[PDB]
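These notes concern the structure reproduced below.
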Number of protein chains: 2
Amino acid sequence: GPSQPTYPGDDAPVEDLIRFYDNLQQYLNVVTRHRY
Amino acid sequence: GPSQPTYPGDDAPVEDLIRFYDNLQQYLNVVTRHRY
Ligand SMILES: [Zn+2]
Ligand SMILES: [Zn+2]
């Protein structure tokens with residue numbers, strides 16, 4: 001599946017923590033085999 | 001609102017990245033004033 005996303009830092013702007021959030025969501029669906 | 005969650009590490013077990021995911025979700029709803 002997708003490789004594990006890189007955490008952008010505590011001080012990353014909110015738009016970068018929303019991109020990271022969406023990529024962790026993808027990753028977690030794939031690891032748990034639950035692509036809903 | 002809630003204080004910014006601590007990232008558990010790249011090597012944290014999947015259940016700990018699902019807890020972090022849920023707490024970042026909370027945090028991001030509050031920062032964006034969109035508590036749906
Ligand atoms: Zn792969
Ligand atoms: Zn507060």
Side-chain angles (χ1 to χ4, degrees):
Chain A
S3 58
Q4 193 181 169
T6 283
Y7 181 59
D10 294 341
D11 299 311
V14 174
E15 80 160 355
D16 295 343
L17 284 176
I18 286 173
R19 259 185 250 233
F20 174 70
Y21 170 73
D22 287 335
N23 288 166
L24 184 55
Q25 185 160 197
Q26 178 74 179
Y27 179 75
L28 298 166
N29 280 176
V30 175
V31 167
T32 69
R33 315 184 59 84
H34 190 251
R35 294 174 208 236
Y36 318 85
Chain B
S3 58
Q4 193 181 169
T6 283
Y7 181 59
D10 294 341
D11 299 311
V14 174
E15 80 160 355
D16 295 343
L17 284 176
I18 286 173
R19 259 185 250 233
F20 174 70
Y21 170 73
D22 287 335
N23 288 166
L24 184 55
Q25 185 160 197
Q26 178 74 179
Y27 179 75
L28 298 166
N29 280 176
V30 175
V31 167
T32 69
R33 315 184 59 84
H34 190 251
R35 294 174 208 236
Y36 318 85

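The figures here come from the full heavy-atom set of this structure, side chains too, leaving out hydrogens, waters and symmetry mates. Proteins get letters first, then strands, A, B, ... in listed order; numbering begins at 1 in each.
- Between A:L24 and B:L17, the shortest heavy-atom distance links the atoms CD2-O, 4.4 Å.
- Interface remark: B:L28 contributes side-chain atoms only to the contact with chain A (heavy atom separation under 4.5 Å).
- Taking the six-membered ring where the residue is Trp, B:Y7 and A:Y7 present parallel rings, their angle staying beneath 30° rather than reaching 60°.
- Here the side chains of A:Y21 and B:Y27 are not in contact, with every heavy-atom distance at 4.5 Å or above.
- The 12-atom threshold is exceeded at CG of B:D10, counting heavy atoms of other residues, nucleotides or ligands nearer than 6.0 Å.
- A:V30 and A:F20 fall into different hydrophobic clusters, defined by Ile, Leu, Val, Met, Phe, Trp and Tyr side-chain heavy atoms under 4.5 Å apart, directly or through other members.
- Around atom CG of A:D22, more than 12 heavy atoms belonging to other residues, nucleotides or ligands sit under 6.0 Å away.
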